[PDB]
Colleague: 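Can you read through this structure? Questions will come right after.
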6 protein chains.
Amino acid sequence: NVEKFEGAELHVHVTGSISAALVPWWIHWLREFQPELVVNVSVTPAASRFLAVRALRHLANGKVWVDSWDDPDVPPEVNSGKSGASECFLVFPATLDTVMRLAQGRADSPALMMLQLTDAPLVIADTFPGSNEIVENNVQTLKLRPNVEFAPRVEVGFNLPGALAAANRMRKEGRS
Amino acid sequence: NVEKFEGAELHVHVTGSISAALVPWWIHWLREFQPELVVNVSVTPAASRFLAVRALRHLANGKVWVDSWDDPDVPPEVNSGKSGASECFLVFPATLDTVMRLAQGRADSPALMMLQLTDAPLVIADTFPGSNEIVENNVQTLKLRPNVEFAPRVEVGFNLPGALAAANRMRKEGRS
Amino acid sequence: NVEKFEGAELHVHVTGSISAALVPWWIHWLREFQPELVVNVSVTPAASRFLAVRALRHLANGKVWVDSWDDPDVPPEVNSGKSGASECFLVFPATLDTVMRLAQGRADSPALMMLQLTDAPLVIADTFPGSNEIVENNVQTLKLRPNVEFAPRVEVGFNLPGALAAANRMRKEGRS
Amino acid sequence: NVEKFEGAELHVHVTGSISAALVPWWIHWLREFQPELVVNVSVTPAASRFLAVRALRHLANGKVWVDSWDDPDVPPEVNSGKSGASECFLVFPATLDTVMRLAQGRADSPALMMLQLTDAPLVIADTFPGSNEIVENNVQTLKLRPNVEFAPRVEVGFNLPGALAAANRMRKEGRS
Amino acid sequence: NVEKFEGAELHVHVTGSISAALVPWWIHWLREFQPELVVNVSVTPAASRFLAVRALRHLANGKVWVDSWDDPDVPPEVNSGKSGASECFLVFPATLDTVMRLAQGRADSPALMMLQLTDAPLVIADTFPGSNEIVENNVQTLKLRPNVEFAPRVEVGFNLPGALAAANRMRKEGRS
Amino acid sequence: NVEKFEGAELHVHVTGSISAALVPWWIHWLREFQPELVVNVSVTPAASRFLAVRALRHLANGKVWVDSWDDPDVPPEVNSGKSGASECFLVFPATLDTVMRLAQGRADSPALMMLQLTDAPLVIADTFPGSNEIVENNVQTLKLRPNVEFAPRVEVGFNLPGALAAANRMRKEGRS
Ligand SMILES: Cc1cc2nc3c(=O)[nH]c(=O)nc-3n(C[C@H](O)[C@H](O)[C@H](O)COP(=O)(O)OP(=O)(O)OC[C@H]3O[C@@H](n4cnc5c(N)ncnc54)[C@H](O)[C@@H]3O)c2cc1C
Ligand SMILES: Cc1cc2nc3c(=O)[nH]c(=O)nc-3n(C[C@H](O)[C@H](O)[C@H](O)COP(=O)(O)OP(=O)(O)OC[C@H]3O[C@@H](n4cnc5c(N)ncnc54)[C@H](O)[C@@H]3O)c2cc1C
Ligand SMILES: Cc1cc2nc3c(=O)[nH]c(=O)nc-3n(C[C@H](O)[C@H](O)[C@H](O)COP(=O)(O)OP(=O)(O)OC[C@H]3O[C@@H](n4cnc5c(N)ncnc54)[C@H](O)[C@@H]3O)c2cc1C
Ligand SMILES: Cc1cc2nc3c(=O)[nH]c(=O)nc-3n(C[C@H](O)[C@H](O)[C@H](O)COP(=O)(O)OP(=O)(O)OC[C@H]3O[C@@H](n4cnc5c(N)ncnc54)[C@H](O)[C@@H]3O)c2cc1C
Ligand SMILES: Cc1cc2nc3c(=O)[nH]c(=O)nc-3n(C[C@H](O)[C@H](O)[C@H](O)COP(=O)(O)OP(=O)(O)OC[C@H]3O[C@@H](n4cnc5c(N)ncnc54)[C@H](O)[C@@H]3O)c2cc1C
Ligand SMILES: Cc1cc2nc3c(=O)[nH]c(=O)nc-3n(C[C@H](O)[C@H](O)[C@H](O)COP(=O)(O)OP(=O)(O)OC[C@H]3O[C@@H](n4cnc5c(N)ncnc54)[C@H](O)[C@@H]3O)c2cc1C
């Protein structure tokens with residue numbers, strides 16, 4: 001049930017769960033599955049303790065940068081909600097904290113400024129250890145944004161093929 | 001009116017108010033008052049400017065760690081809302097900022113992940129310099145969590161004996 | 001339509017937008033326009049990448065400090081919502097993130113503790129790259145505080161003369 | 001055609017090719033495929049530029065160490081050709097240089113001392129960019145050691161399932 | 001049986017026993033018990049591993065300095081046996097080593113120069129792990145100095161109320 | 001009386017007076033006043049204590065570099081008296097020391113090599129604290145160079161509009 005992303009370029013935002021260690025394998029998979037796709041990647045300091053940014057610079061064909069206002073590779077168009085010509089944004093994986101920061105309008109990292117300002121489909125491949133009533137409320141708050149969805153389950157949302165299908169879906173709804 | 005904590009182990013989370021300087025005296029008090037109790041302690045970077053973690057490693061009989069995702073002493077069970085076999089969690093003292101972060105579902109430190117995920121009684125010995133309408137709303141938000149209480153007053157909540165009584169109370173309510 | 005601030009001392013809190021590079025010119029302007037005024041200045045780490053704190057120590061006649069709990073110049077009265085004898089507080093410029101932190105009751109910097117605790121007129125000279133529904137909600141939340149206003153427009157609020165007029169206005173309303 | 005390793009514990013030695021970025025995914029796979037297996041892992045400085053040792057400490061249930069005589073995690077039994085109770089050794093992936101060093105009797109890293117001294121099945125999942133006559137001669141030299149094999153092809157030998165089958169094969173030949 | 005110190009200012013010299021962790025609580029106690037008293041504090045490098053000098057700068061109303069010839073806060077009057085206008089000197093707590101250094105006329109720290117040169121009452125709140133014949137001889141040697149006493153017991157001398165009573169006693173004997 | 005610079009590109013050399021703090025405002029002004037103009041900027045180490053080079057990289061559309069032989073951004077054409085295709089050179093502001101170094105043929109910074117070798121109009125927006133007979137002689141020495149002028153006064157020469165008019169003037173004299 002695995003389908004191709006119908007756009008030309010997407011952006012992957014990688015956050016600090018142990019699943020980030022598995023992302024270079026999935027980026028490699030997506031590059032072989034769809035060689036014409038341009039894949040940009042942002043990586044949080046936390047995630048950079050679980051993978052090597054250097055390896056992504058090799059596996060990914062788009063821009064690769066650490067999600068930090070002091071990193072010189074951070075492209076200027078983050079301040080307009082863009083990543084090159086990315087047509088969707090996948091948070092893969094997405095920590096509890098990254099989702100709380102998104103739900104709260106925070107722009108304390110250039111990737112979060114970018115995710116606050118984008119109108120493009122934004123898919124969240126959540127990897128939460130757990131939840132409570134206050135977390136669930138902050139997740140509900142994200143329905144105020146029409147472009148945001150959580151990826152299809154596999155109880156956890158670490159699901160790139162599902163994220164790609166959800167993205168192609170929200171892309172075609174944005175045209176008709 | 002001072003009573004013993006009826007569990008076997010608790011956890012003390014120390015945050016960056018000048019009252020943190022007084023916590024080693026209170027930990028020493030609790031160790032003499034109740035020698036069979038296992039006391040775990042987490043200390044925020046801020047609080048570590050007002051006390052010495054080394055002194056707690058001596059005064060406390062449980063695990064002691066700095067509240068930072070890079071500290072190697074951070075136990076893995078924080079990601080399941082546990083601290084060893086702690087049966088309650090005392091934030092002693094609790095800054096305004098720690099309480100805002102808790103009220104907002106933040107997990108940007110392993111102690112906050114832990115406090116988000118625990119079902120055990122969570123008592124907050126607040127030391128706020130002051131308040132406003134937005135702070136009061138964020139404090140109200142904590143009533144969505146049944147396990148959270150503020151410690152009995154002494155206008156400030158820097159009250160370990162009261163916290164222990166409140167904890168034994170919420171522990172027995174959780175059994176009947 | 002440019003009028004003088006009718007108080008004796010104010011405080012300028014400078015945050016990390018490229019407009020911070022232009023603040024020393026405006027501080028110099030305010031010092032020549034109103035030589036009797038004492039101007040205190042706080043500068044966020046981010047803003048300190050776009051201007052030099054040293055230059056403000058020369059151009060400003062009040063206290064100048066980096067907005068960090070470890071800076072030794074941070075005056076103790078931030079923990080009572082004061083900056084010397086400042087009678088208003090201008091966030092000039094104000095990032096999206098600084099405004100979200102204010103709207104959320106955060107005290108994770110001494111300037112934010114100060115801005116949470118003050119009753120004085122607080123004017124926000126916002127420089128947002130953009131917005132969404134969740135940001136707009138967090139901006140609405142600031143109406144729970146009677147002393148907070150956004151400066152008059154020039155779509156952006158980087159407007160010191162307007163901020164000064166708004167401040168004198170909220171000052172006289174607080175007396176009658 | 002994927003079969004389980006018939007021993008209790010093995011050792012994975014990871015070397016500096018971009019394929020090392022994909023090893024945490026394969027370690028995760030082997031841990032789920034065979035939960036009773038103890039997996040030890042050594043990682044060369046070079047490979048540590050393409051993956052995070054920290055992530056392996058989480059994904060692997062055995063000892064994890066950097067292949068350096070100064071790393072304090074290096075177990076003493078490397079000087080007897082052992083890694084805990086490992087019953088085979090997989091070089092996954094194996095650089096040209098690691099294979100030249102092995103072919104030349106080098107012990108300039110504790111993993112290479114270990115691989116020189118072991119009698120256990122040693123499988124080499126080579127990832128060479130290319131070859132020449134002198135490289136091919138050094139690869140032939142490894143036939144002087146009865147326990148050494150190259151993994152089954154998939155032109156490249158980055159093949160853990162094949163390596164496991166080859167290992168179970170050389171293990172049973174060593175008993176009969 | 002707790003009485004007030006009858007002078008205007010005293011000096012507390014804190015040394016490297018785990019009891020130093022408890023001194024900020026006792027300084028806080030003395031400041032509330034006797035708000036008019038000016039309390040100066042010196043802290044040895046060793047003691048600074050068990051408490052935070054920063055916390056004492058907040059809790060103490062007099063000068064606070066690290067006991068080191070390179071610390072810029074060290075007041076010049078240590079070279080005349082003074083600490084501001086301190087009328088007594090409490091070594092609280094006092095290590096075995098600090099007492100040996102005092103007994104031997106050592107001035108290898110500015111606090112020890114100060115304690116060698118003072119004529120004011122000097123009270124020693126010893127916290128020794130143990131003793132031998134040579135230690136006891138060095139303690140006897142301190143009777144050659146009329147101003148030196150050990151604080152009343154509670155086997156250990158970690159006793160600020162007793163030290164204060166002993167100090168008021170030796171102060172009035174020095175006048176009649 | 002404010003006129004546009006009639007060339008396509010100019011270079012601004014910023015030196016270590018407190019007026020350097022005001023240059024980003026003036027660069028912003030010149031970019032809005034004349035959007036087609038390419039503005040290159042060099043900044044002395046001293047001036048970099050009074051402004052942020054990073055802010056100029058954003059406000060200026062040409063090359064921006066620190067005036068140091070070790071800065072990698074220093075363009076090679078400084079050794080031919082050029083800055084890209086700059087048609088004039090404004091020292092804005094100009095310290096006493098920068099003007100002495102220029103008057104004395106010094107090339108101890110790449111900007112000074114550049115200013116020694118250029119034939120283009122060179123305008124000096126001096127900010128001297130004061131003068132003496134030897135300084136005045138060194139300023140007279142600059143009349144040996146036909147391309148050098150001091151900007152029109154406003155007693156001080158911190159005057160970009162005047163500098164631009166003087167530059168267009170010396171440009172047209174160099175053609176007729
Ligand atoms: C082994 C392990 C597994 C984990 N698994 C999970 C998991 O499955 N799910 C999960 O939700 N969490 C997990 N965590 C916890 C997670 O790593 C933390 O919550 C972490 O803070 C997530 O950060 P991030 O990648 O979302 O963003 P980051 O950018 O790393 O966030 C760091 C924080 O610092 C702030 N910050 C901004 N600028 C700076 C700066 N200049 N310097 C410092 N801080 C700055 C950010 O605003 C943010 O609050 C795990 C942790 C460990 C150790
Ligand atoms: C003398 C004094 C007395 C004070 N008294 C009080 C008081 O009584 N009550 C009160 O409420 N406040 C008080 N404060 C202010 C208080 O210290 C600050 O609000 C402080 O930020 C509290 O931090 P914390 O201990 O709650 O948590 P911390 O963990 O110290 O929080 C630090 C912040 O950094 C973020 N962060 C996460 N990861 C990182 C990282 N890797 N690097 C950097 N930052 C990171 C955290 O999310 C958080 O926002 C006082 C301050 C001083 C100087
Ligand atoms: C060229 C450029 C232009 C920009 N223009 C704009 C603009 O116009 N508008 C806009 O809204 N944004 C803009 N930004 C983005 C802005 O700089 C960031 O959002 C930045 O985080 C703003 O920080 P601040 O000055 O508000 O506060 P800061 O104090 O700098 O906030 C830093 C973050 O770190 C946390 N923190 C607290 N203590 C510590 C500690 N000890 N160590 C580390 N972190 C800590 C704070 O809580 C906060 O979340 C721009 C960025 C760039 C590069
Ligand atoms: C993007 C990329 C992809 C690559 N892909 C491949 C590939 O597919 N196949 C391939 O064969 N190569 C590849 N290489 C090259 C490979 O990374 C180098 O050959 C590297 O030296 C391999 O080292 P190692 O991991 O085998 O062992 P290392 O232990 O990293 O070897 C480092 C060298 O230093 C010596 N040494 C020992 N002790 C020390 C010490 N204390 N300090 C310093 N040096 C010491 C070792 O003996 C050895 O000679 C690639 C390189 C890059 C950048
Ligand atoms: C957990 C723990 C508990 C302890 N409890 C006790 C206790 O209860 N009682 C007890 O007596 N001891 C105790 N000790 C031991 C005590 O900490 C040491 O004896 C320590 O040396 C005491 O130093 P001080 O604070 O007296 O003075 P310090 O000033 O710390 O003495 C350090 C030594 O270095 C010398 N020195 C001078 N200048 C310098 C310099 N620039 N650099 C380096 N050294 C210099 C000093 O002359 C002195 O000899 C304990 C130690 C630990 C770890
Ligand atoms: C608050 C303040 C205001 C001031 N206002 C004025 C003012 O209005 N007018 C005024 O004329 N002066 C003023 N000054 C003084 C001025 O900053 C100094 O004269 C300063 O040296 C000027 O340097 P520059 O920017 O001209 O060049 P710089 O390049 O900073 O000159 C530094 C010196 O170091 C030499 N040098 C070369 N290479 C190196 C190297 N690698 N490392 C170190 N040094 C090297 C240079 O040749 C030169 O002599 C002020 C100073 C302060 C603190």
Side-chain angles (χ1 to χ4, degrees), chain A residues 45 69 74 76 78-79 106-110 112-113, chain B residues 14-20 43-50 67-70 93-99 101 106 108-109 111-112 126-129 156, chain C residues 14-20 43-50 54-55 58 67-70 74 76 78-79 93-99 101 106-113 126-129 156, chain E residues 54-55 58, chain F residues 14-20 43-50 54-55 58 67-70 93-99 101 106 108-109 111-112 126-129 156:
Chain A
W69 284 112
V74 168
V78 304
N79 277 307
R106 303 298 312 270
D108 53 345
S109 80
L112 252 101
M113 177 71 84
Chain B
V14 187
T15 76
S17 64
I18 191 65
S19 303
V43 181
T44 68
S48 74
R49 294 178 294 232
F50 295 134
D67 179 30
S68 168
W69 284 112
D70 302 333
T95 54
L96 175 44
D97 199 64
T98 276
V99 174
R101 282 206 287 139
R106 303 298 312 270
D108 53 345
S109 80
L112 252 101
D126 52 294
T127 55
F128 296 9
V156 175
Chain C
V14 187
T15 76
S17 64
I18 191 65
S19 303
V43 181
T44 68
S48 74
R49 294 178 294 232
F50 295 134
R54 245 182 259 87
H58 294 286
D67 179 30
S68 168
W69 284 112
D70 302 333
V74 168
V78 304
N79 277 307
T95 54
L96 175 44
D97 199 64
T98 276
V99 174
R101 282 206 287 139
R106 303 298 312 270
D108 53 345
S109 80
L112 252 101
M113 177 71 84
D126 52 294
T127 55
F128 296 9
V156 175
Chain E
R54 245 182 259 87
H58 294 286
Chain F
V14 187
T15 76
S17 64
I18 191 65
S19 303
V43 181
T44 68
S48 74
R49 294 178 294 232
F50 295 134
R54 245 182 259 87
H58 294 286
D67 179 30
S68 168
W69 284 112
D70 302 333
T95 54
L96 175 44
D97 199 64
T98 276
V99 174
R101 282 206 287 139
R106 303 298 312 270
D108 53 345
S109 80
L112 252 101
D126 52 294
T127 55
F128 296 9
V156 175

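In listed order, ligands and their atoms are each counted from 1. When reading the values below, keep in mind they use all heavy atoms of this one structure, side chains included, and skip hydrogens, waters and symmetry mates. A note on names: the letters A, B, ... follow the listed sequences, proteins ahead of strands, and every chain is numbered from 1.
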Colleague: Strictly inside 4.0 angstrom of atom 6 (C) of ligand 2, do you find any protein heavy atom?
Modeller: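 At least one protein heavy atom is under 4.0 Å away.
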Colleague: Please determine if E:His58 has a nitrogen or oxygen closer than 3.5 Å to a nitrogen or oxygen of ligand 2.
Modeller: no
Colleague: For atom 43 (C) of ligand 2, is the nearest protein heavy atom closer than 4.0 Å?
Modeller: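 So far as the 4.0 Å threshold goes, atom 43 (C) of ligand 2 is out of reach of every protein heavy atom.
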Colleague: Run the contact test for F:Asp97 against ligand 6 with a 4.0 Å cut-off on heavy atoms, strictly below, and give the result.
Modeller: yes
Colleague: Does the protein put a heavy atom under 4.0 Å from atom 29 (O) of ligand 3?
Modeller: yes
Colleague: Given the protein's heavy atoms, is any one of them under 4.0 Å from atom 33 (C) of ligand 3?
Modeller: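 Not a single protein heavy atom is under 4.0 Å away.
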Colleague: Which residue and atom name correspond to the protein heavy atom nearest atom 12 (N) of ligand 3, and how close is it?
Modeller: A:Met113 CE, 3.4 Å
Colleague: I'd like to know if atom 46 (C) of ligand 3 has any protein heavy atom within a distance of less than 4.0 Å.
Modeller: yes
Colleague: Considering distance alone, does some N or O of C:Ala107 sit under 3.5 Å from an N or O of ligand 2?
Modeller: yes
Colleague: Protein heavy atoms: any of them under 4.0 Å from atom 36 (N) of ligand 2?
Modeller: no
Colleague: For ligand 6, which atoms have a heavy atom of F:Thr98 less than 4.0 angstrom away?
Modeller: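 Matching atoms, with element in brackets: 24 (P), 26 (O).
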Colleague: Should you measure from each heavy atom of B:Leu96, which atoms of ligand 2 turn up under 4.0 Å away?
Modeller: 10 (C), 11 (O)
Colleague: Does any N or O of ligand 6 fall below 3.5 Å from an N or O anywhere on F:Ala46, backbone included?
Modeller: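 Between F:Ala46 and ligand 6 (N or O atoms, distance only) the closest approach is under 3.5 Å.
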Colleague: Examine C:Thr127 against ligand 3 and note whether any of their N/O atoms are separated by less than 3.5 Å.
Modeller: yes
Colleague: Nearest to atom 31 (O) of ligand 3, what protein heavy atom do you find, and at what distance?
Modeller: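 Of every protein heavy atom, C:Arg101 NH2, 4.0 Å lies nearest to atom 31 (O) of ligand 3.
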Colleague: Enumerate the atoms of ligand 3 whose separation from the nearest heavy atom of A:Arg106 is less than 4.0 angstrom.
Modeller: 49 (O)
Colleague: Could you name the option among C:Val99, A:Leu112, A:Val78, C:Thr44 that has the heavy atom nearest to atom 24 (P) of ligand 3?
Modeller: C:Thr44
Colleague: Before signing off on this row, confirm whether C:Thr15 and ligand 3 have an N or O atom pair separated by under 3.5 Å.
Modeller: no
Colleague: May I ask you to list the atoms of ligand 6 that are less than 4.0 angstrom from any heavy atom of F:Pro45?
Modeller: 29 (O)
Colleague: Taking distance alone, with N or O pairs closer than 3.5 Å, would you say F:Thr95 contacts ligand 6?
Modeller: yes
Colleague: Under 4.0 Å from a heavy atom of B:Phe50: which atoms of ligand 2 are those, numbered in the order shown and with their elements?
Modeller: 1 (C), 2 (C), 52 (C), 53 (C)
Colleague: So which of F:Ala20, F:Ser109, F:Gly16 gets nearest to atom 13 (C) of ligand 6, if we judge by its closest heavy atom?
Modeller: F:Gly16
Colleague: Below 3.5 angstrom, do we get any N/O pair linking C:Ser17 and ligand 3?
Modeller: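 In fact, backbone or side chain, C:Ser17 has no N or O that close.
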Colleague: Quiz question for you: does at least one protein heavy atom lie closer than 4.0 Å to atom 10 (C) of ligand 6?
Modeller: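 Given the 4.0 Å limit, the answer for atom 10 (C) of ligand 6 is yes, a protein heavy atom qualifies.
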Colleague: Could you tell me whether some N/O pair between F:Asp108 and ligand 6 is separated by less than 3.5 angstrom?
Modeller: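 Between F:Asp108 and ligand 6, an N or O pair is found under 3.5 Å apart.
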Colleague: Side chain to side chain contact (heavy atoms under 4.5 Å, CB included) for B:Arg49 and C:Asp70? Distances and angles first, verdict last.
Modeller: CA-CA 9 Å; B:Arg49 294 178 294 232; C:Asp70 302 333; 2.7 Å; yes
Colleague: Is there a protein heavy atom at a distance of less than 4.0 Å from atom 21 (O) of ligand 6?
Modeller: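 Under 4.0 Å from atom 21 (O) of ligand 6, zero protein heavy atoms found.
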Colleague: To check you understand the geometry: which heavy-atom pair defines the closest contact between C:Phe50 and C:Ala20, and what is its length?
Modeller: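 That would be CB-CB, 4.3 Å.
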Colleague: Checking contacts now, so for atom 39 (C) of ligand 2, which I'm interested in, is there any protein heavy atom under 4.0 Å?
Modeller: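 Answer no: nothing from the protein, no heavy atom, is under 4.0 Å.
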Colleague: Show the nearest heavy-atom pair for residues F:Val99 and F:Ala94, with the distance to one decimal.
Modeller: CG2-CB, 4.0 Å
Colleague: Of B:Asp97, B:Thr44, B:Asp67, which meets side chain to side chain contact (heavy atoms under 4.5 Å, CB included) against B:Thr15?
Modeller: B:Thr44
Colleague: Going by a strict under-4.0 Å cutoff (protein heavy atoms only), does atom 51 (C) of ligand 2 have a neighbour on the protein?
Modeller: yes
Colleague: Counting non-hydrogen protein atoms only, what is the nearest one to atom 18 (C) of ligand 3? Give residue, atom name and distance.
Modeller: A:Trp69 NE1, 3.3 Å
Colleague: Output yes when a protein non-hydrogen atom is found under 4.0 Å of atom 1 (C) of ligand 3, and no otherwise.
Modeller: yes
